[PDB]
Colleague: 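Got a structure for you, written out below as structure tokens; questions coming shortly.
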Amino acid sequence: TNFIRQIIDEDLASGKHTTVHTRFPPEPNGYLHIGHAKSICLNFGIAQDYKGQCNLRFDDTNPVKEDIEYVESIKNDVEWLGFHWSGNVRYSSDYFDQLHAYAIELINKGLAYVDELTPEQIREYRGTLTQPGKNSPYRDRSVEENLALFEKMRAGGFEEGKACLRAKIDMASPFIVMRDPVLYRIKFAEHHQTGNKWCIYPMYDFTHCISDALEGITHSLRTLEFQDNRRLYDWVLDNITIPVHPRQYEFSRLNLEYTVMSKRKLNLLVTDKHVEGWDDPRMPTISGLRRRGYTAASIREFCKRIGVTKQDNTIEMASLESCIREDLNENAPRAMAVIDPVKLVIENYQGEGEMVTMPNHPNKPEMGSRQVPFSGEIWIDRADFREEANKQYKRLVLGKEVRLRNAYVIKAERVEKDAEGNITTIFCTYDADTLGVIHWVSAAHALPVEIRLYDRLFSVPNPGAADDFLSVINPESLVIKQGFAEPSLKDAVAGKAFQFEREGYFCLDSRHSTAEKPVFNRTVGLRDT
RNA sequence: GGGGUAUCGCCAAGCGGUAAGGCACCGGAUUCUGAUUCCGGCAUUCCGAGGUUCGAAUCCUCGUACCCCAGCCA
Ligand SMILES: NC(=O)CC[C@H](N)C(=O)NS(=O)(=O)OC[C@H]1O[C@@H](n2cnc3c(N)ncnc32)[C@H](O)[C@@H]1O
């Protein structure tokens, strides 16, 4: 529960509302990130928990910054997280005629006028955080002039920035938002929904309070930065002819360590080509996390754990990872894969190989078992073999033994190096009947695999606070290794995850996984304390 | 100027009754994944200083730290 749900519990009792109607209003100017997910869970979640409704609305009031590819990807991420919206998808653009009419009502009430102060002059006239603003020389035009002038704007008779429609409120308000905020500005740009029918587009504050009201929204849930805007929201609805008046509630936005959480910065990583795309597995975007191996259920869990409050916060990466581990640890089938392979021959072994049985999930027999090929020439991880090694080292030591996962116990004996003195092959012997512990893969039946290890995109906890966050990108946020996996992964599918025993959770696709050379993304490593 | 928030390393309950939970962490027990699972520990303190009260983190007062607002962006 959170303060917002508590308010709603009250409202229901008193009877202010008998139904709750929320909305998720993203602007299609980029892809959604994990923060947007916190918002999606909140609005859609509250709706379903209270047998209510939640609209998916595209706040598409700025043509030049938006693209149809963004609206497309947003519907996708909302669906993927497991949420359904009310009726058809909505667009603010659906209300452009409506907004135009409401602007005309304000002008008629002398509550709005066409200003001709250039874009620079408006800031010069606006005042400062400590000094009040001053009325524009065009502030007292007659209703008739404003009316004619607005029509000229709409008709395209003014060059961009040469004119705008402003609300007539209070140039001396301590609330900068109330200093005659702009309602409309000129833009000769094609809109992804309205094409070229308009050359004037409504501003955010004007559009949003009216959109909510026409949609019957009961609880407009937004983030803390729109707190000051609150008085403009109510001003507009109080001054036009509209029957409902939605209530606002702000909660703090999500921040995750070692990453950025704004579309502007995420876009720069995309445009400057420092990540493959919005959906790069290293990105905090919904799509990137999906591609990374996270389950929607893991994300919904995360959002449930972090809560909804009014306090600034930065969650630690451990928390998000904990969520994905809790999921995959329970549902992901296990398999063998060697990321850093080194040949190990069993001079003692006789034949072309045999078959050994391995549980698909140890702690869960109900998940079944599989048949895995074993032989005398296998691959183990270079890190699991040491010639010396101290006491705690429970792996393979030149002279000691180690149990090969779900197989036989073997003893290291003769190693073999090359030029630089690197080991090329490890010879051992196996105990005919014997069935630390290391994983392995039979070299003859092994599937050549590309393994992509990922890590924090940035080297610092708060890359957003850097002068140049790009210069603080982590050069090892992605390292590609070529390894070997048990033949069983031959049928692996994109999306589905597996636990590479003693390594971590991995999954296919990665946009690169083909038929010949499979590519696996390490979703997250195993807890190694 | 105006608007917010300050409870254990990171999140977060508590709305006058004398400090939930999660993540992280530190111990021990299981375990053919040094995983998991499993028991145990972890703020006598709630930004600070006063005041009212039988009694406050929860009310009031003065402070202090931090966040947001001066786009014809959202
Ligand atoms: N009052 C409002 O709702 C304004 C919505 C505005 N068009 C907007 O913010 N669009 S947006 O596409 O940028 O984001 C859409 C919603 O996502 C929320 N949001 C954005 N970043 C968030 C974050 N880091 N954590 C939690 N929530 C976050 C916004 O509040 C908005 O409602």
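Letters A, B, ... mirror the listed sequences (proteins, then strands); counts begin at 1. Atom set for the values below is all heavy atoms of this structure, side chains included, hydrogens, waters and symmetry mates excluded.
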Colleague: Please state how far atom CZ in A:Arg334 lies from atom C1' in B:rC32, giving the value in whole angstrom units.
Modeller: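 Roughly 14 Å, once rounded to whole Å.
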Colleague: For the backbone of A:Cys507 and the side chain of A:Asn521, can you confirm whether one donor and one acceptor N or O come within less than 3.5 Å of each other?
Modeller: no
Colleague: When you look at NZ of A:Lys310, are more than 12 heavy atoms from neighbouring residues, nucleotides or ligands closer to it than 6.0 Å?
Modeller: yes
Colleague: B:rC47 and B:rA57: how far apart are their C1' atoms, nearest whole angstrom?
Modeller: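 Approximately 12 Å lies between the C1' atom of B:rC47 and that of B:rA57.
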Colleague: Distance check, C1' atoms only: B:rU52 and B:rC25, in whole angstrom units.
Modeller: 41 Å
Colleague: Could you pull out the protein-nucleic contacts involving nucleotides 64-73 of chain B (nitrogen or oxygen on both sides, under 3.5 Å)?
Modeller:
from	atom 1	to	atom 2	distance (Å)
B:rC69	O4'	A:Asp228	OD2	3.4
B:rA70	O3'	A:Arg126	NE	3.3
B:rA70	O3'	A:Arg126	NH2	3.4
B:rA70	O2'	A:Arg126	NE	2.9
B:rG71	OP2	A:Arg126	NH2	2.9
B:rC72	OP1	A:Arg126	NH2	2.9
B:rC72	OP2	A:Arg126	NH1	3.0
B:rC72	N3	A:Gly161	O	3.3
B:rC72	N4	A:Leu117	O	2.7
B:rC72	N4	A:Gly161	O	2.9
B:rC73	OP2	A:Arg185	NE	3.1
B:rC73	OP2	A:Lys187	NZ	3.2
B:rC73	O3'	A:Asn62	ND2	3.3
B:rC73	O3'	A:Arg185	NH2	3.2
B:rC73	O2'	A:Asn62	ND2	2.8

Colleague: For B:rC32, does the base pair up with any side-chain atom of A:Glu501 as donor and acceptor (N or O, under 3.5 Å, distance only)?
Modeller: no
Colleague: Tabulated below should be each protein N or O lying under 3.5 Å from an N or O of nucleotides 36-41 of chain B; please produce it.
Modeller:
from	atom 1	to	atom 2	distance (Å)
B:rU36	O2	A:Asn363	ND2	3.0

Colleague: Both distances below 3.5 Å, Watson-Crick or wobble geometry, any strand: find the nucleotide opposite B:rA6.
Modeller: B:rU64
Colleague: Looking at B:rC32, B:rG3, B:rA74, which one has an atom nearest to any side-chain atom of A:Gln227?
Modeller: B:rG3
Colleague: For the side chain of A:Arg305, starting at C-beta, report the closest nucleotide among B:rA13, B:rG34, B:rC23.
Modeller: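 The nucleotide sitting nearest to the side chain is B:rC23.
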Colleague: Rounding to a whole Å, what distance do you find between A:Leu396:CG and B:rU33:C1'?
Modeller: 17 Å
Colleague: Could you tell me whether B:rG71 is syn or anti, where syn means a glycosidic angle within 90 degrees of zero?
Modeller: syn
Colleague: Do the side-chain N or O atoms of A:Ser319 get closer than 4.0 angstrom to the phosphate oxygens (OP1, OP2) of B:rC11?
Modeller: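 For A:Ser319, the contact criterion (side-chain N or O under 4.0 Å from OP1 or OP2 of B:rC11) is not met.
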Colleague: Can you confirm whether B:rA35 and B:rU58 pair in Watson-Crick or G-U wobble fashion, both distances under 3.5 Å?
Modeller: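 Pair flag for B:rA35 and B:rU58 is false.
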Colleague: For the side chain of A:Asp94 and the backbone of A:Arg90, is there at least one donor-acceptor N/O pair under 3.5 Å apart?
Modeller: no
Colleague: What is the distance, to the nearest angstrom, from the NZ atom on A:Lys265 to the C1' atom on B:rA74?
Modeller: 15 Å
Colleague: What's the spacing between A:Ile378 CD1 and A:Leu344 CG if we round to 0.5 Å?
Modeller: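 Separation between the atoms: 4.5 Å.
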Colleague: Does A:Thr61 form a side chain to side chain contact (heavy atoms under 4.5 Å, CB included) with A:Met203? I'd like the steps, not just the answer.
Modeller: CA-CA 6 Å; A:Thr61 66; A:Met203 294 295 286; over 6 Å; no
Colleague: If the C1' atom of B:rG50 is compared with that of B:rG2, how far apart are they to the nearest Å?
Modeller: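 Pairwise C1' distance, B:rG50 against B:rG2, rounds to 28 Å.
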Colleague: Do A:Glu250 side-chain and B:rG4 base share a donor-acceptor contact under 3.5 Å?
Modeller: no
Colleague: Carefully, step by step, assess A:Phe374 and A:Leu404 under the rule side chain to side chain contact (heavy atoms under 4.5 Å, CB included).
Modeller: CA-CA 10 Å; A:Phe374 174 102; A:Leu404 289 184; 3.9 Å; yes
Colleague: I'd like to know if the side chain of A:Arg185 and the backbone of A:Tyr201 have a donor-acceptor N/O pair within less than 3.5 Å.
Modeller: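 Yes; at least one donor-acceptor contact below 3.5 Å.
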Colleague: Base, sugar-phosphate, or nothing: which does A:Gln499 touch, judged by heavy atoms less than 4.0 Å apart?
Modeller: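 Since a base atom lies under 4.0 Å of A:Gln499, the category is base.
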Colleague: Using only side-chain N and O atoms of A:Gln6, determine if any of them is under 4.0 Å from OP1 or OP2 of B:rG14.
Modeller: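 True: A:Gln6 side-chain N/O within range (under 4.0 Å) of B:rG14 OP1/OP2.
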Colleague: Tell me, do A:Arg370 and A:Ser488 make a side-chain contact under 4.5 Å, heavy atoms counted?
Modeller: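 Side-chain contact under 4.5 Å: yes.
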Colleague: Should A:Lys310 be listed as having a side-chain N or O under 4.0 Å from OP1 or OP2 of B:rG4?
Modeller: no
Colleague: Would you confirm whether B:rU37 and B:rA29 are paired, taking Watson-Crick (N1-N3 with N6-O4 or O6-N4) or G-U wobble (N1-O2 and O6-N3) geometry and requiring each distance to be under 3.5 angstrom?
Modeller: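 Both donor-acceptor distances below 3.5 Å, so yes.
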Colleague: Within a reach of under 6.0 Å around NZ of A:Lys394, are more than 12 heavy atoms found that belong to other residues, nucleotides or ligands?
Modeller: yes
Colleague: For A:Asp381 and B:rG34, what is the distance between atoms CG and P respectively, to the nearest whole Å?
Modeller: 13 Å
Colleague: Among all residues two or more places apart in sequence or in another chain, which pass the ring pair (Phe, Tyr, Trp, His ring centres under 6.0 Å) test with A:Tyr91?
Modeller: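 A:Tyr91 satisfies ring pair (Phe, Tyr, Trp, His ring centres under 6.0 Å) with A:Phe58 only.
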Colleague: Are more than 12 heavy atoms from other residues, nucleotides or ligands located less than 6.0 Å from atom CD of A:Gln392?
Modeller: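 No, CD of A:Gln392 has 12 or fewer neighbouring heavy atoms, counting only those of other groups under 6.0 Å.
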Colleague: Establish whether B:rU53 and B:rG40 are paired, applying the Watson-Crick or G-U wobble definition with both distances under 3.5 Å.
Modeller: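 Under the 3.5 Å cut-off on both distances, the two nucleotides are not paired.
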Colleague: Is it true that B:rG34 and B:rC59 form a pair, Watson-Crick or G-U wobble, with both distances below 3.5 Å?
Modeller: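 Check failed, no canonical or wobble pair found.
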